[PDB]
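Given next are the chains, with one letter for each unit.
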Amino acid sequence: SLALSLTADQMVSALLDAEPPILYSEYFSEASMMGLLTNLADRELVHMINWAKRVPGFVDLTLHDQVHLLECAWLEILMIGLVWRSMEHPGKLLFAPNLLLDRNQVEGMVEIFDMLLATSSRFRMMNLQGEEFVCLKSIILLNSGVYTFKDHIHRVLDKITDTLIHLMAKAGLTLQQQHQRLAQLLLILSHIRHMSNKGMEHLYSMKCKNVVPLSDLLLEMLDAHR
Amino acid sequence: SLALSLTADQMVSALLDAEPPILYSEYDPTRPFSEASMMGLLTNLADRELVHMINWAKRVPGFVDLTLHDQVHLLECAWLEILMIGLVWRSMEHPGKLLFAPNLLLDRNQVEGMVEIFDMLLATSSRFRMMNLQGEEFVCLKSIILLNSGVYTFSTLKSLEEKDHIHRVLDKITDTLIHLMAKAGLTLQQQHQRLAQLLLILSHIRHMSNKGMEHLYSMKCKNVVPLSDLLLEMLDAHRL
Amino acid sequence: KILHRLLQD
Amino acid sequence: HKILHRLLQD
Ligand SMILES: Clc1ccc(C(c2ccc(Cl)cc2)C(Cl)(Cl)Cl)cc1
Ligand SMILES: ClC(Cl)=C(c1ccc(Cl)cc1)c1ccc(Cl)cc1
């Protein structure tokens, strides 16, 4: 496994270079709103799958293990990405550069919307760095479905933990500040997990409503949680 | 606040002292059990544990400093998580089994699609056993769940201080965890790794809680398994 | 508010 | 047989 032989700086560089692009929206009622967000989610999903392959250690797993991990964490990964690029837009969610949205604007959603805003506010309060974000995102990918299958994944997770500490040490944080910040970051994943589950349940009702056009891929990823 | 003035060792002793008791079930190995009667035992057991949990929360350093409203919010959010991690903990030395009560030790075969959750609970217990989780580490994690699960859903300059107060207590618990691992002879690298491993498990605990909450709603609508007024009250708080 | 009742008794 | 399988292999 090449992933464990990588240094900390090389781990960061690998993750940064693997970053998926920022997509645009196809440019508001409740039918058009959902249609746009799901359309965007389906296209981002395709990029996520290609991003997952470039995550150090993910290629070393069997195809079936990769499928399990992605099925378990895809909505979390979408959400933490949405939260990340919404950091510099307080009170707003940047789904796309041409789609910066209000909490004013179709529910289901307001609960999840405010939670996403709250996460974005927490990141901003912590001054979350890009190098720290890509580590958290990869952690979600490997951790979220690891308890539903082991040694390989846990060792890669340990590697990312070392990488996170490496970043904090480089930033000039003290020994106490390092494990405190490490704690603050990983505790946020618990909330992101919560948001995903709430978002998944809402997605099930959208399917049962049979109004919003959902792609077969987005439907298959939705079936995995049912 | 005295929570910010407690040493690591003093923090541990405070948590160990506040530990709720292990309750017994009214399960009877002679009497037969329908899937609803068995479920009734567990929900009844969960109800009695909740009362002990609430009085346990009061003794958690930093919790009583919060407003009454904030205490209700945190408990309404993390009550099933705290139950599950407690169940998982006392099931560590019973591989492939869940010790709901000293007289109620079940495996996955003993029912109704709750089985997925049952397996995740086993896998969590297996994870703790593999990691050789210590009681001092357990009580820290449990207190973390209480303060962290609902902190991201609480507007004013005054409320701001309450959330900041919560995170400050969380840091002290983090410090306490690190102090424990350091005393255990672990290197700095090993301390940070184990800390990460423990906190990542809380993500899985959140997952099981969300799943369990979904079933509890379905049981209410099914109206077969008895549920206490408090349990229904905690349940509706999540379904909102 | 049963929880609120138990939180102050 | 799922779409996720195909995208992961390409
Ligand atoms: Cl497999 C399973 C069994 C019981 C639970 C709960 C549970 C957890 C801990 C305790 Cl002590 C009692 C009941 C419910 Cl019944 Cl409240 Cl949903 C969750 C999952
Ligand atoms: Cl359901 C879904 Cl796919 C959501 C989603 C859509 C696009 C992206 Cl990039 C990320 C997430 C979603 C978005 C907002 C809210 Cl408040 C709830 C869900």
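For this deposited structure, the header cites X-ray crystallography as the method used and 2.401 Å as the resolution.

(A) Spatial organisation of the pairing of strand β1 (residues 97–101) of chain B. All names here are of chain B. Among the five residues of β1, four are classified as buried, and the element is accordingly described as predominantly covered. Here β1 runs beside strand β2 (residues 104–107); their pairing, made up of four bridges, is antiparallel. Within the sheet, the bridge partner assigned to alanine 101 lies in β2 and is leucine 104. Here β1 folds back onto β2, and the loop between the two strands holds two residues.

(B) Spatial organisation of empty space enclosed by the protein. Residue and element names in this part refer to chain A. Counted as a void, the largest cavity has a volume near 440 Å³. Lining the largest cavity are 22 residues, and of these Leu37, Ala41, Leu75, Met79 and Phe95 lie nearest its centre. Of all the secondary-structure elements, those providing two or more residues to the lining of the largest cavity are α3 (30–54), α4 (63–84), α5 (109–125) and α8 (175–209). With six residues, the single largest contributor to the lining of the largest cavity is α3.

(C) Representation of the interface of chain A and chain D in the model. Listed per partner, the contact involves 12 residues of chain A and nine residues of chain D. Elements supplying a minimum of two residues to the side of chain A that touches chain D: α3, α4 and α9 (216–223) of chain A. Among the elements that take part in the side of chain A that touches chain D, α4(A) stands out by supplying five residues, more than any other. Classifying every residue of the side of chain A that touches chain D gives seven nonpolar, one polar and four charged.

(D) Region of interest: the site of ligand 2. All names here are of chain A. The environment of ligand 2 is made up of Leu37, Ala41, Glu44, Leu78, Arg85, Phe95, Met109, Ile112, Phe113, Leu116 and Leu203. For ligand 2, the protein covers 99% of the area, taking 470 Å² as the surface of the free molecule. If you map ligand 2 onto the pockets, it falls in the largest cavity. The set of elements that each furnish at least two residues to the shell around ligand 2 consists of α3 and α5.

(E) Inspection of the arrangement of the chains at higher detail. No other pair of the three pairs of chains in contact has as many contacts as chains A and B. Where chain C comes nearest to chain D, the C-alpha atoms are still 45 Å apart, and the two do not contact one another.

(F) Expanded view of the UniProt feature "binding site: 17beta-estradiol" in chain A. Residue and element names in this part refer to chain A. The residues that UniProt annotates with the feature "binding site: 17beta-estradiol" are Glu44, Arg85 and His202. In the annotated set above, the residues contributing to the lining of the largest cavity are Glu44, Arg85 and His202. Locating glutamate 44 in the fold gives a position in helix α3. Ignoring any residue separated from it by four or fewer positions in sequence, one finds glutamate 44 in contact with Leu23, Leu78, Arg85 and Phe95. Locating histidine 202 in the fold gives a position in helix α8. A residue is classified by how much of its surface remains accessible, and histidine 202, at 14% relative accessible area, is buried. Not counting chain neighbours up to four residues away, the residues in contact with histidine 202 comprise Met34, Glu107, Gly108, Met109 and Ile112.

(G) Fine view of the pattern of salt bridges. The final tally for this structure, using the stated rule, is 14 salt bridges over all chains. Of the charged contacts in the structure, one is a salt bridge between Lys142(B) and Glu19(B), with a shortest N-O distance of 2.4 Å.

(H) Structural detail: the packing of aromatic side chains. Scanning all chains against the criterion turns up four aromatic pairs over all chains. Each ring, one from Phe95(A) and one from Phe113(A), has its centre 6.1 Å from the other, and the planes form 45°; the classification is tilted. Note on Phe95(A): relative accessible area 11%, which makes it buried. Here the aromatic rings of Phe100(B) and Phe118(B) are separated by 6.1 Å at their centres, their planes lie at 45°, and the arrangement is tilted. We note that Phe100(B), like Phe118(B), is buried. Taking NZ or CZ as reference, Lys137(A) lies 4.9 Å from the ring centre of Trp51(A), over its face.

About the cut-offs
Residues numbered from 1 in each chain as written, not as in the entry; some residues may be left out. Chains lettered and ligands numbered in written order. Heavy atoms only, no water. Residues with missing side-chain atoms left out of burial classes, pairs and counts. Buried < 20%, exposed > 50% of the residue type's maximum accessible area, 1.4 Å probe, protein only. Helix = DSSP H or I, 4+ residues; strand = E, 2+ residues; numbered from the N terminus. Pairing = 2+ DSSP bridges. 1 Å grid on protein atoms, 1.4 Å probe; cavity = no way out; pocket = protein on both sides within 12 Å on 5 of 7 lines; lining within 4 Å. Points joined across faces, edges and corners; volume = space filled by probe spheres on them. Contact = heavy atoms within 4.5 Å. Nonpolar A, V, L, I, M, F, W, Y, C, P; charged D, E, K, R; others polar. Near = heavy atom within 4 Å. Areas by Shrake-Rupley, 256 points an atom, 1.4 Å probe, with all protein chains shown as cover. Sits in = over half its atoms within 2 Å of the grid points. UniProt positions renumbered as here; feature names shortened; annotations may be inferred. Salt bridge = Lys/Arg side-chain N within 4 Å of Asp/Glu carboxyl O. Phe/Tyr/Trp six-rings, centres within 6.5 Å; stacked < 30°, edge-to-face > 60°. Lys NZ or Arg CZ within 6 Å of the ring centre and 35° of its normal.

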